[PDB]
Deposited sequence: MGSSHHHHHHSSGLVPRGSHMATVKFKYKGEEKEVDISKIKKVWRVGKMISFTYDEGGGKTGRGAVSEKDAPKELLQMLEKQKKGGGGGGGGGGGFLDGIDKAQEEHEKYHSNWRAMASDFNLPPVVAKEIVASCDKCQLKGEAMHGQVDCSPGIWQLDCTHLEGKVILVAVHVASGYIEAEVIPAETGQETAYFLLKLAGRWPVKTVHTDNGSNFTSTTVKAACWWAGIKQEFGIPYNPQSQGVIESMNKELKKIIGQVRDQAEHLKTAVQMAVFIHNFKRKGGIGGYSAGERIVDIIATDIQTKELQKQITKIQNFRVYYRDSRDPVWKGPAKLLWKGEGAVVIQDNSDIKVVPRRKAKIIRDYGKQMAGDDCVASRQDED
């Protein structure tokens, strides 16, 4: 068995065989075989099999510059809704990106901007523009396009829609604005059966209304809880949600008392 481990290492240093081959050729149990493989530096070549989940708060947008017909289209998307804005800019430079971002901050209540590490978005001009508008910048991991998985997707969609109306407009900027119109107000689907624009209006209105209602309720409903004194959040017919020193927990009616 120990001679098994010795021979297995002496062979893996040559062939680099996976744990099944070493467990089968040297009668090792799978644990020792995996421990042999996991200790080799060259046999670690494939990462995890998963996917993250991008920020989808109701106040974060995603920007990116795409290229179509030799022109540069700057595209931003409201992550939580899918309402996209787009504009054909003359050059993929910092000034145009800062101008478009200040426009977008004037139109809709943006609170965060998530971009790739393109020079357009990484510049001091978009940074000064974000500092003026109270916008928080959030760059993705370098060379990880999937981190902007929303906007890139919209890019595809946007381009496709241009491919349907490109012959209805002489120039390209007109076609891009028509594609924005079609994607926002003439293509329903999504979560609530809404179009994009209806969904973003609903998202923002619901954010405001829920903030107001929760503020009022928290102003009125003042109950200390014991289960250390936390804060009471919601108690209905079988459960109690408490907030214990920046840690929201949920308990049953048992193991909990209210004052």
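Annotation: deposited residues 1 to 95, 323 to 331, 364 to 383 are not represented by C-alpha coordinates in the model.
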